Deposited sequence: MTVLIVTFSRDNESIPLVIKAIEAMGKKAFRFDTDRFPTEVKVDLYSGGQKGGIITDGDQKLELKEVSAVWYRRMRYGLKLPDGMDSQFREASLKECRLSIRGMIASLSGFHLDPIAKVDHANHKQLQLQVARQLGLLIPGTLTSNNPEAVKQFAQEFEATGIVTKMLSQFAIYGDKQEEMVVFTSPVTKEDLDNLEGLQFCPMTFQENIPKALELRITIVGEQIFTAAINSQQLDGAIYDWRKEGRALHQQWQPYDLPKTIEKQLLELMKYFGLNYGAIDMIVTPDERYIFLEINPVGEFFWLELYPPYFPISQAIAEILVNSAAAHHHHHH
C-alpha cells in the first residue's frame, strides 16, 4: 500500500496520483497530517508489540502493509482548535511533528523522497554550491545581516540590480485581516538607506539576472519534464515601432540535463521541481530545486504534462 503524506486542503495532485495508483492494480491510503491528532488516530508501536496503525473513520491502514511512501505535504496538527492555549498549542504542534516524522523515518519500502534527503536538500545555500561545483551557473547570492556587506553587494550589481528574498516560508497576519508575504522583490535606493533592521533578521540577496525565458523542470526518477515561458516585458525579437503567453515544452541541452541528474543523485532525490532561467544569449542559470515543489499546474494546464502518471509509476514500481 502506498502511504500518501498530505493534508486535507491539498490540491488536485492527490486524486490524480491515487487514481493512477489504483488503476495500476495497487492501493493507496491518504493520510491528512493536519487532521491529526484531532480526527485521525495514529498508533506507533516500538518493539515486539502490535502493528502500527493509522485510523481515519472507516478507513484503516496497517503500517506493515506500506510498500511506498509519498512524502508530499507536511502540515502536522494545523486543525488544532484556535481557542487552545498558545503555549500548549505550539508544544502540541512540535510533538505531533516529531511523532509523524519518526513514523515516516522508521517505515521501510520506497520513499519519495526520504526525509533525510529532503531535509538535506532544503539548504538553499548548499543547493547553489553543489550546482556550481557541477558546472551550472548560479546567480551571485549573499545572505547577510550586515549592512556594509549588503551595500557593497548591491553596488557591484548596480547595472542589473539585485533582489531580496527570505529562505523561510511564513506569513504575517497584520491589523485585523489579511495575510502578508515577502515575495522576491527588487531592493531600491531607498531600501539601501534603511538597512538598520538587518540586526533583527537577515535576508538573502541575489544578482538580478535579465532573463529571456523561465524554465520549470520537474524530474521523476530520471525522467525530465522541462517547461518554458517567455517572461520578457520587452521582447527584442518581436519588437516593432509600428506594433499572450503560456508554458510550452522545451528541450534542455543534454549537458544541462545530465548536470541536473547529478544534482538529484547527490542529494538522493527521485523527485524535484527545479527553477532555471535562460538569458537572451542562451546562458542557463540554476536558481533552486524544491524537493516538494508543485507540478499540477503543468499537468492540468499547458503543456498538460503527465507527471502524476510518472509519480504513481515510480511509487508502485519502486525502481
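- In this chain, the deposited residues that lack C-alpha positions fall in the ranges 1, 245-249, 326-333.
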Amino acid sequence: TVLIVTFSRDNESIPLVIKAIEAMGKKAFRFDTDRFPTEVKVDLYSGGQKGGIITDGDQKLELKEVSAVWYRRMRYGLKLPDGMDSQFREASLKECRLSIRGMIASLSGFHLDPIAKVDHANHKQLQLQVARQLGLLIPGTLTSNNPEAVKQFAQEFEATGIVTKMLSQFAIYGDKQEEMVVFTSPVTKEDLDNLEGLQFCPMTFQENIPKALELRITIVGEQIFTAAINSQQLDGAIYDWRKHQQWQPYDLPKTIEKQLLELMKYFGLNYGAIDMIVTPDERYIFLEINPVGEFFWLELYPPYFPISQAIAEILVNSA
From here on, numbers count along this sequence of modelled residues.
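- Of the two stretches examined, 201-209 and 164-172, the record assigns the greater average C-alpha temperature factor to 164-172.
- Mean C-alpha B-factor is higher over 51-59 than over the other stretch, the pair under comparison being 267-275 and 51-59.
- Take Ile238, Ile138, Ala159, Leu107 and read off each C-alpha B-factor from the entry; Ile238 has the highest.
- Residues shown: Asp119, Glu214, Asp113, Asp85. Highest C-alpha temperature factor in the entry: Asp85.
- In the PDB entry, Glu294 places in the middle third of its chain by CA B-factor.
- In this PDB entry, the Cα temperature factor of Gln177 sits in the top third of its chain's modelled residues, the highest group.
- In this PDB entry, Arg242 carries a Cα temperature factor that places it within the highest third of its chain's modelled residues.
- For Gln127, the recorded CA B-factor ranks within the lowest third of the chain. Only modelled residues enter the ranking.
- Split the chain's modelled residues into thirds by C-alpha temperature factor. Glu39 is in the highest one.
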